[PDB]
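Keeping their order, the protein sequence lines are chains C and A. Taking PDB author numbering, I'd label the letters of the first sequence as residues 2 to 413. Taking PDB author numbering, I'd label the letters of the second sequence as residues 2 to 807. Each residue gets a CB set at the ideal place from its N, CA and C atoms; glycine is no exception.
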Amino acid sequence: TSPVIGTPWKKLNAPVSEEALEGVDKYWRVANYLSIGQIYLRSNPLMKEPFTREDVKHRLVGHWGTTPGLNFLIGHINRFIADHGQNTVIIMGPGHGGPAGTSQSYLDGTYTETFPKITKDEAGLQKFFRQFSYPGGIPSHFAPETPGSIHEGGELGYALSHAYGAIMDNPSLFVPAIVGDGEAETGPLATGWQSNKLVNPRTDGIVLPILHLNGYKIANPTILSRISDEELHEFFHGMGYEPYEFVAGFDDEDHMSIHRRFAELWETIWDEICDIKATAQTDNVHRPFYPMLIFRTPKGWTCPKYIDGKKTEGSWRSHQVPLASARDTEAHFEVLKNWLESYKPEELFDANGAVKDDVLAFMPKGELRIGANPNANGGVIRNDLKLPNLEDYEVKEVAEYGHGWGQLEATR
Amino acid sequence: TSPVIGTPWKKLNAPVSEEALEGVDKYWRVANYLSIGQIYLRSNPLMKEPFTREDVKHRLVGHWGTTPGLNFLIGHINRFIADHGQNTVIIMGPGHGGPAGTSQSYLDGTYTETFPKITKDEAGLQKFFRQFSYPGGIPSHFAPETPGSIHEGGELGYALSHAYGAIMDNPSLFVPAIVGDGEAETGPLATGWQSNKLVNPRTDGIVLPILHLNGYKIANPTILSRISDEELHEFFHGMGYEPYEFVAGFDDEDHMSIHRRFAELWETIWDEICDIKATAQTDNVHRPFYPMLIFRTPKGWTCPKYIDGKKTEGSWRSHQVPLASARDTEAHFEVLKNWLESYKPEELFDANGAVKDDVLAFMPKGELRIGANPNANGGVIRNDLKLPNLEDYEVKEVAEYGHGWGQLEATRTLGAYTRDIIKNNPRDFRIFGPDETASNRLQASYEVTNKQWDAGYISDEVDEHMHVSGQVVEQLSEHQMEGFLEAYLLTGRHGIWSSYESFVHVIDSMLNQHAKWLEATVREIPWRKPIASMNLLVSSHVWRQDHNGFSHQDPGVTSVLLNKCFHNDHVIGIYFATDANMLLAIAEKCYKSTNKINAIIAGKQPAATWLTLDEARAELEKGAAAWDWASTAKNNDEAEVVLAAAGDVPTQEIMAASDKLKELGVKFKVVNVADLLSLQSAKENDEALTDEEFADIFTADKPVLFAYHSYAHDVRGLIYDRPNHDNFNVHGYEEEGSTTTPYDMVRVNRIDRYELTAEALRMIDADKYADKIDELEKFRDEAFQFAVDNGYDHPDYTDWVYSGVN
Ligand SMILES: Cc1ncc(C[n+]2csc(CCOP(=O)(O)OP(=O)(O)O)c2C)c(N)n1
Ligand SMILES: Cc1ncc(C[n+]2csc(CCOP(=O)(O)OP(=O)(O)O)c2C)c(N)n1
Ligand SMILES: [Mg+2]
Ligand SMILES: [Mg+2]
């Protein structure tokens, strides 16, 4: 049976603290630094001088165009899970943002538990950096080897169906389903929008679709990002959703101003969800409008704005790798060094190389963590079916009238 | 007169304090704990260990599906009364929430005053718990034994009529009328919604209807809870109300968050009410929209959510008792123990078992309390009517022109008498009638007062005697009139109400209920002082329904009234006005009486007058009396028959038959029974006629012919053990009638004068009088054919005047 974890569907009834958002910003910075170290670095994780081109990977593989947005959402969801004690499984629709998921597993402590050789220090950070998309390493996508993952995300169109499946008969589980805006063009997910007409708010859980609308696919913009905002809201409302919209990173607003704004928007959405759940205990015959979040951000949101005179951030040029060769020129290596120093890792890591304690104080503990949630590892939940005696259903006429008897239908 | 108590209609002009709401939450918890201890516990009130199944009642009876909501509302109303000093009477519509009312009486201190053996400690708490719905205990509903109660609430549909009655002529009294959502489906209360069109905000008080919309009846949901909120607000606004809505308990909101929210909503409503009252001092000609509160909560709001895997809270499964047997399993006892501990009684009671002082600090004191309010005990308010001299209204022509004179209408005399009572008693006496005051000829009171009407006025060619204030209320609903009058009497005032005989059945239930309020009061409740009597003028009776016919003829009110005559309670009186003077005497006696239901059956038709006032009173004290002027036999031995009568038309037929009997030399006696209940068994009824007196009135061996207004069954069931009862031959109504001439109406019921003379002749000698009997029988048919041919009754019948008229 699906377990009840924590205190489900609880309202905060308080402002989001400033200290928690301090922690969320520091988490976002350190998660971006880890997601870049995984793609680009093979040695010297904390850039002890001399930081040279010797420390960079020969073959840079991976994706970045979705990773900082995923890190933003995941850090905020982590603050939320710590505050509310919610039973939460995240489904990452753009699974090519694998460094985000591995950075989460590393930061919430589950990665070291599952993989003891990736310690939480300088050598462990070096191994964590080198092993991403490497011979004898871990995959690029959000893989079964990655704790907290039920969805690979490599082949696109099934984040929403997997979310609605994961909440079925599962009344305390909250699923934020992050959906790429390019993936939203695929045929499966377009019809997976309409699956709130097949779940009950009382007996099933709640899926919150987060449309990760960064505007671009590989080398092409997305249809949803280039239609009017009126059309987008009208479209999501015709499918039984209440659209909420968050826009960030498209100007020079301070990061804290963005974290605060998201905190307020998120708690508003949570209060609507909690109202839906409380109403469903009394009335579950009439369908509510579930909130869904439209998360408009620039693709590759913390990367350098321009590289080689080409618009990189906020463009499709940041999909896989900006600085396709930071190993073969000195200018690109300087761009990479400035990019890594823009997160100020000097204050996010201690002397021995561990992520500082105040960076992760806002984090959930124990079974509430993403990598520790039993619904992510559905084999520990599983129990055998209680099976009726087979002889009760046997077709006995063969035993006495002889083989070849009858005109029965097998599937009955 | 209704007293002015406290400081009426005052605005708070401040926020509701936090300390008061602390007290309100603690009150709500302790009231729920008391309401559960009453239902479930017989011992160990404070759950000293060992708390075992020994401490639980063997038979769990009572109701819980409304009790926590009632406790919530009552605690908040208590905070309000303490703050504002308001004169407030609560009417509890769902009276099956009795533990809420008894918990209030216990917590505000009035219960210990009324019942000293229920102390405020551990032993007193144990007695309070055990006595609820127990052998030798207190009832389950909100009973007359419960201080602060004017309404039983057992039989549903009359919270609103009782509220609007209690505020009438009562300008400082605030009445929150809590209405169940299932009860709102009943016919009476649906029309009791529309009674804000019959009260004036200046001269009358304010009723606040609180719809207690918890969604469920017994085993069924309510119509009002399952229609859209738009429909509900539109419905309440079409009836002259401003709907306010409060919703609580349907999520995990903190209790304080609920108490605070209710405080703001309540003070908003109070400010609208105070604005209405202040406006009414200047302008009272245009009707306001009174606020009414829709109080949406889950049924059984603090009970366990699920029991046996069945949804209990927020369902109809919590109506009577969750845990129907907490005595027969260990699991149910654990559920009960957890339920009791969820209120944390360990902090609500002190060591000795008294409710802690800080739990009741927010409570009203003195006369402002619900159980101490004088309007709840309307016998302490009551003062006697100042009555005009009866001799002023006597029909004096009988005294000089002889008995049987005239063609007067009996009810016009009562109209004049009641007019002068109104003149001497304004704002303490009121006349009700289901659109029938002017048809019962009680319109003489329009000389001194008006019909109270607060809907629109259009003209003066049609709106005479109507005014925004008045002492005559008149709506086409017998339920409305009866509830208005019952709440009028229960608050200390006086009244009459008139009705057609056939439609009094509409309120057979209500009368029954009021009799139960009186039977209970005269037996075991001395601290409740006597209230005025419920006076019902029954007119337009069965024998003269010319315009209407068979649908308007049913005198069965006498039967339903006879069922409430037991154990020497004397809460019922049934009087027959034979003429105007007898009506005067009866009405004087009835207006003086207390704690009774007096049905005065009088005709509105032109009828002869038989008695003088002194004769009428002399017949009155006995109930039955011999008419010596009409009897031809000097002593009981001479008479060959006794002719007894009860009612104006039976009296007329007995007298006309006596005239024919005189011509044949028959010696007879004439008896008139003004009061029916004097004919009751002497051992059963100590105020009925003794057996010697009854035998003196009716000769032991001689046959008695009895002509009766109602069904003869009611006479025969009453005299069964009386002497000579075998010889009684009762002639009454026999469900035979139509629209036809007045002689036909009594013809088809074998109660006409010819049939009565033939009956008496057959009682004496069928053989000797055979020719005369035959002549009478064929004359009846000739006199019916006369009416068929000519359209009116026979000259022999119409023109007949008694021989005693000079
Ligand atoms: C069905 C399918 N077609 C093609 C691809 C190849 N592919 C991998 S990532 C990607 C673009 C990702 O699009 P979007 O959802 O907009 O992601 P984001 O903007 O987060 O990078 C594509 C086309 C795929 N994974 N699945
Ligand atoms: C006229 C009438 N019919 C039936 C009953 C039986 N009865 C007693 S309580 C009750 C249900 C109470 O209904 P509601 O007003 O919704 O009360 P609540 O939800 O507060 O229990 C019923 C039908 C009654 N008291 N009166
Ligand atoms: Mg995209
Ligand atoms: Mg109800």
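| field | DSSP-derived helix/strand/coil call for residue 428 of chain A | value | Reduced to three states, the DSSP call for residue 428 of chain A is coil.
| query | Which residues, in order along the region 264 to 293 of chain C, keep a beta-carbon less than 7 Å from a beta-carbon of chain A? | reply | 279, 283
| query | Using a C-beta to C-beta distance shorter than 7 Å, which residues of chain C count as neighbours of residue 315 of chain A? | reply | Contact note: residue 315 of chain A reaches chain C through 283, using a C-beta cutoff of 7 Å and chain order.
| query | Below 8 Å between beta carbons: does that hold for residue 32 of chain C and residue 363 of chain C? | reply | no
| message | At a cut-off of 7 Å, would you count residue 182 of chain C as near ligand 1, judging by its Cβ distance to the nearest heavy atom? | response | yes
| query | Which residues in the same chain have their Cβ closer than 7 Å to the Cβ of residue 127 of chain A, if we skip the five residues on either side of it in sequence? | reply | 44, 46
| Relative to chain C, which residues along the region 110 to 136 of chain A have a C-beta separation below 9 Å, given in chain order? | If the cut-off is 9 Å between Cβ atoms, the region 110 to 136 of chain A has nothing near chain C.
| request: Starting from residue 816 of chain A, find everything on chain C with Cβ-Cβ shorter than 8 Å and list it in chain order. | output: Given that chain A is displayed from residue 2 to residue 807, the structure contains no residue 816 of chain A and the question cannot be resolved.
| Is the beta carbon of residue 240 of chain C less than 8 Å from the beta carbon of residue 194 of chain C? | Contact check for residue 240 of chain C against residue 194 of chain C passes: the beta carbons are separated by less than 8 Å.
| task | Kindly indicate if chain C contains any beta-carbon less than 8 Å away from that of residue 351 of chain A. | result | no
| message | If I follow the unbroken beta strand (DSSP E) through residue 500 of chain A, where does it start and stop? | response | 495 to 501
| Quick one: which chain C residues come within Cβ less than 9 Å of residue 253 of chain A? | Going along chain C in sequence order, the residues near residue 253 of chain A (Cβ under 9 Å) are 10, 11, 12, 275, 279.
| message | So if DSSP puts residue 209 of chain C in a beta bridge, which residue, or which two residues, is it bridged to? | response | Paired residue(s): C:177.
| query | Whole alpha helix (DSSP H) runs in the region 136 to 205 of chain C with 4 or more residues, listed along the chain? | reply | 160 to 168, 188 to 193
| Boundaries (first-last residue) of the alpha helix (DSSP H) holding residue 283 of chain A | Residue 283 of chain A -> alpha helix (DSSP H) spans 256 to 283.
| Would you call the CB atoms of residue 369 of chain A and residue 6 of chain A closer than 8 Å? | yes
| request: May I ask whether a heavy atom of ligand 6 can be found less than 7 Å away from the beta carbon of residue 189 of chain C? | output: Annotation note on ligand 6: not contained in the displayed structure, which lists ligand 1, ligand 2, ligand 3 and ligand 4 as its ligands.
| Exposure of residue 767 of chain A, with buried meaning 16 or more beta-carbon neighbours within 10 Å | Exposed is the call here.
| Sub-8 Å separation of residue 3 of chain C and residue 170 of chain C beta-carbons | Between residue 3 of chain C and residue 170 of chain C, the C-beta spacing is below 8 Å.
| query | Between which two residues does the beta strand (DSSP E) carrying residue 244 of chain A extend? | reply | 242 to 248
| request: Give the secondary structure of residue 120 of chain A by DSSP, where H, G and I count as helix, E and B as strand, and everything else as coil. | output: coil
| query | By Cβ distance below 6 Å, which residues in the same chain neighbour residue 728 of chain A in space, the five residues on each side in sequence not counted? | reply | 704, 705
| task | Go ahead and label residue 136 of chain A buried or exposed: buried means 16 or more other beta carbons lie within 10 angstroms of its beta carbon, across all protein chains shown. | result | It counts as exposed.
| message | Beta-carbon within less than 6 Å of residue 735 of chain A's beta-carbon, same chain only, minus the 5 sequence neighbours each way: which residues are those? | response | Cβ neighbours of residue 735 of chain A beyond the five flanking positions: 750.
| field | Spatial neighbours of residue 346 of chain A in its chain, beta-carbon cut-off 6 Å, leaving aside the 5 residues before and after | value | Non-local C-beta neighbours of residue 346 of chain A in its own chain, meaning closer than 6 Å and more than five positions away in sequence, comprise 34, ordered along the chain.
| task | Give the secondary structure of residue 252 of chain C by DSSP, where H, G and I count as helix, E and B as strand, and everything else as coil. | result | Residue 252 of chain C: coil per DSSP, three-state reduction.
| Exposed or buried, which one is residue 257 of chain C when buried takes at least 16 other CB atoms within 10 Å? | exposed
| task | Give me the Cα-Cα distance between residue 236 of chain A and residue 229 of chain A, rounded to the nearest whole angstrom. | result | 11 Å
| Start-to-end residues for the beta strand (DSSP E) that takes in residue 610 of chain A | Per DSSP, the unbroken beta strand (DSSP E) holding residue 610 of chain A starts and ends at 607 to 610.
| query | For residue 292 of chain A, does the three-state DSSP call read helix, strand or coil? | reply | strand
| request: Indicate whether the contact test is met: 3 or more Cβ pairs, each with one atom in the region 112 to 125 of chain A and one in the region 10 to 29 of chain A, closer than 8 Å. | output: No: the two stretches stay apart, fewer than three of their Cβ pairs being nearer than 8 Å.
| query | Run through DSSP, which three-state label would residue 53 of chain A get? | reply | coil
| query | Would you say the beta carbon of residue 95 of chain C comes nearer than 7 Å to a heavy atom of ligand 1? | reply | Ligand 1 has a heavy atom closer than 7 Å to the beta-carbon of residue 95 of chain C.
| field | Of the listed residues A:582, A:397, A:443, A:558, nearest to residue 573 of chain A (C-alpha basis) | value | A:558
| said: If distances are taken between C-alpha atoms only, which option among C:214, C:166, C:69, C:104 comes closest to residue 379 of chain C? | reply: C:166
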